[PDB]
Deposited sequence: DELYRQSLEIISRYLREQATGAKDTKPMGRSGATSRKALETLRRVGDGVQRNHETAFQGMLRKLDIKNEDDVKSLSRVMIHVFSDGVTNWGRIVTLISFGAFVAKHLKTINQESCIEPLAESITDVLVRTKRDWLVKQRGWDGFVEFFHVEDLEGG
């Protein structure tokens, strides 16, 4: 699955850099995908901060067996709705928000697994749409400014 490896690399690096605050095959897209993500994902976290605040709170993340359980509550929400790049970035954006919180409570070791949960669901349930959109090229294309 190349579409998956690439999605995991992107979402993973975004999540890791967002939490750490420090930067870390299908090259000439991934770099633009990550670039677009930083821009719009940051916007989404900013303009939607109080809703993110409240959700993180509703979630109550205290430890490792809180992230695992997460997938339940997460598939529930990304899966209810229409497919568009706007709901995908909010999916990944909140993921970034959770990652920020994890490094706060010493559970940075659960960031990569978190990025996996997110990636598994994004490409497991909308893989065909992604293929249709030409993957991350569609993403970058959609958000040009």
Regions left out of the model, expressed as runs of the deposited sequence counted from 1: 25 to 29, 151 to 156
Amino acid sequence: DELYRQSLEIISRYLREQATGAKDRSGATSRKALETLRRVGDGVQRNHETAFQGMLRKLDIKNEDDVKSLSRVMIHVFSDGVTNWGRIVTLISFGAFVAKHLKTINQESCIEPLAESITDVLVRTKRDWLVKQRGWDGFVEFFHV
From here on, numbers count along this sequence of modelled residues.
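Take the two forms, superpose them, and find the largest set of C-alpha atoms that agree within 1.5 Å; that set is the rigid core.
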Of 64 to 72 and 27 to 35, which departs more from this form in 6 other deposited structures of this protein by CA RMS after core fitting: 64 to 72
Stretch farther from the shown model on average in 6 other deposited structures of this protein, with CA RMS computed after core superposition (50 to 58, 106 to 114): 106 to 114
Between the two ranges 28 to 36 and 86 to 94, the one averaging a larger CA B factor in the entry: 28 to 36
Stretch exceeding the other in mean C-alpha B-factor - 41 to 49, 58 to 66: 58 to 66
Modelled-residue ranking by C-alpha temperature factor, third containing residue 130: highest
Where the record places residue 23 (Cα B-factor, split into thirds across the chain): highest
Residue 124, C-alpha B-factor rank within chain (lowest, middle or highest third): highest
